[PDB]
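1. Experimental structure and its sequence below.
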Amino acid sequence: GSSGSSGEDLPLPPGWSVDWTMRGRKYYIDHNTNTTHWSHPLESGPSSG
């Protein structure tokens with residue numbers, strides 16, 4: 001099935017941007033709050049809609 005809950009490339013909100021570090025980790029950046037998150041912002045308590 002799924003590798004291991006690595007990610008679902010969910011539709012990031014307006015203002016966010018994902019980037020891979022040298023090592024090879026995927027992190028999401030929030031330009032609205034100026035903060036980073038290892039896991040998707042919608043995955044853990046999205047509270048969007």
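-> Good, I have the coordinates. Numbering: from 1, shown residues only.
2. Name the nearest residue to the residue positioned nearest the centre of the chain, ignoring sequence neighbours.
-> Among the residues of the chain, the one closest to the centroid is residue 40, at 3.1 Å (Cα atoms, centre = their mean). Spatially, and ignoring its direct neighbours in sequence, residue 40 is nearest to residue 10 (5.0 Å; Cβ to Cβ, 6 or more residues apart in numbering). Just so you know, the C-beta spots here come from the backbone N, C-alpha and C atoms, and that holds for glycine as well.
3. likewise residue 7?
-> residue 26 (6.3 Å).
4. Can you list the neighbours in contact with stretch 18-34?
-> Residues from elsewhere that reach stretch 18-34 (Cβ atoms under 8 Å, 6 or more residues apart in numbering): 7, 12, 15-17, 35-41.
5. Let me have those residues in a markdown table, adding distance to residue 49 and secondary structure as columns.
-> Listed next are the contacts of stretch 18-34 as a markdown table, based on distance: Cβ to Cβ, whole Å; DSSP: H, G, I helix; E, B strand; the rest coil:
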| residue | distance to residue 49 | secondary structure |
| --- | --- | --- |
| 7 | 20 | coil |
| 12 | 14 | coil |
| 15 | 16 | coil |
| 16 | 16 | strand |
| 17 | 21 | strand |
| 35 | 21 | strand |
| 36 | 23 | strand |
| 37 | 19 | strand |
| 38 | 23 | coil |
| 39 | 19 | coil |
| 40 | 15 | coil |
| 41 | 13 | coil |
